[PDB]
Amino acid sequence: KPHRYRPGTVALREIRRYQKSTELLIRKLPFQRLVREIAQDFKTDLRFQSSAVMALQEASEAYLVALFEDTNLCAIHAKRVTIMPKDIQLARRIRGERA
């Protein structure tokens, strides 16, 4: 047989890897694209300082990471190990983001 790690073995390995590092996890350019697109709906012909875009990425990612933690808590509460849309939806409702 060729070598295979069991499902969940590599997932755990990445959790350990990503919780140890601080580097940003969304690609820099596609994020910049998304940011400029949303901003264009509020005001056309905008420029961004480059630190403005990075503040936005730092904040967005910190937000999604902490949201993933709450989501994960809601999955486990329901005796699952798999996060679902309903877990995100519960975490945001209780945070007052949907309420």
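Throughout, we count residues from 1 along the sequence that is shown.
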- Query: Looking at the entry, does 56-64 or 23-31 show the higher mean C-alpha B-factor?
  - Reply: 23-31
- Query: With respect to the recorded C-alpha B factors, which stretch has the higher mean value, 77-85 or 5-13?
  - Reply: 5-13
- Message: Splitting the chain's C-alpha B-factors into thirds, which one does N72 fall into?
- Response: lowest
- Query: Should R95 be placed in the lowest, middle or highest third of its chain by the C-alpha B factor in the entry?
  - Reply: middle
